[PDB]
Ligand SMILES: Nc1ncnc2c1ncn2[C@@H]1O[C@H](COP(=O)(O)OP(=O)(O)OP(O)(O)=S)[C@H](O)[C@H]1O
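The data below hold one chain only, encoded as C-alpha cells and taken in the form deposited without the ligand.
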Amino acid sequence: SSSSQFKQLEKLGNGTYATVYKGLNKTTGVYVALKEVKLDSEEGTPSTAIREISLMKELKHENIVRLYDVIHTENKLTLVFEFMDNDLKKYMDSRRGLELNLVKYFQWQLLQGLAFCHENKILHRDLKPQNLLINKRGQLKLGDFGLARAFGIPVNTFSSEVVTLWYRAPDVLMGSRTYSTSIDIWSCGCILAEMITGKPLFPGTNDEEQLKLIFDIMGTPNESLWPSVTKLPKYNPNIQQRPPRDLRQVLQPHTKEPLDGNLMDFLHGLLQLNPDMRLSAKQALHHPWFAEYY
C-alpha cells in the first residue's frame, strides 16, 4: 500500500471526480487500474470515492470489479482496482450492434452482478455501457459505484438527478424520490437495446426531451396501469395520449440479426414505465431467453 508499489502507465479514461490510469504492481508484475481522485483541501473528499471505498471489502463477486487498495498521497487518493481491458462503450465503438449470442452473454453477466448488489440492498444508479467493464475472456463486471446507495435506510435527501440521462427511468425523470431496485433495471433495459442496435435507445438532450423520447416509444403513462403515477411531481395528466410502439419494428431496422419473441418479451419486462412492473434482476436471470445457460 506504499505509493511506490505501483508504476503508473498510460491514461485510460477521465471522469469528473477521477482519472483512471493503467498501472503495474512492481512486485507481481500484474496490471492494475489506478483511479486517481483529486483531493482539494478547500473542497473536501468527493462523496463518490467514499461510497466506492465503503463497498470494497463487502461487495465481492465475479461480475463486480475488485477494489484492492486505497493510497493517500499529497492532494490525491489512488484507488487500486483490478485491470480490465475495455468497457462496453469502447468495445462497441471498436466496431455497432453486437451479435445476439454476445448480447445475451453480456446481459447475463450484467444481471448476475446486479442481482448480487440488490441482494445486498445496494443500488448502483449509474449503469451505462461505459461503466460495464470487459476483459479478453469476455468477462463483464459492473464498475464505478461512485453513485451507489443503500436502500431501506432513513434518508433526508434525494437526487432525482442520478443516473446518466439516457439511462434514467421515467418515474425518476418525473421526480420520484422513492425508487428502489427498479432504477437499475430500467438502465439494464436501455443497455440491452443499445447492444442490439448499436445506438442509445433514448438519446435525450435534457429532462423534457428524455421523457418525450421515452413516451414516443413506450407510450404515455396510462393511469389505469400505473395509478401511483399521480404522486409524481412532474407528471402531467393533460398530455395527449400515445399508444406504445411495436418494440421490434423500432429495433429490427438497426440489426441484421433476427429479434425473436423471447428476446422481445425479456426487453418488455425490463422497460416497463411503471417501476413496480419491472422484472427484478433475479426474475430476469430466470427468464426463458436465458434458458440455454442452465
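Start at 1 with the first residue shown and count on from there.
There is another form of the same protein, the form deposited with the ligand bound; it is not shown, and what comes next is about it.
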Quiz item: Using a 4.5 Å heavy atom cut-off, are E82, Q130 and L133 all in contact with the ligand in the deposited bound form?
Solution: yes
Quiz item: Can you pick the stretch from 226-234, 29-37, 259-267, 53-61 whose heavy atoms fall within 4.5 Å of the ligand in the deposited bound form?
Solution: 29-37
Self-check item: Contact flag, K90 vs the ligand in the deposited bound form, heavy atom cut 4.5 Å
Solution: yes
Quiz item: Would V20 show up as a contact with the ligand in the deposited bound form if we use heavy atoms at 4.5 Å?
Solution: yes
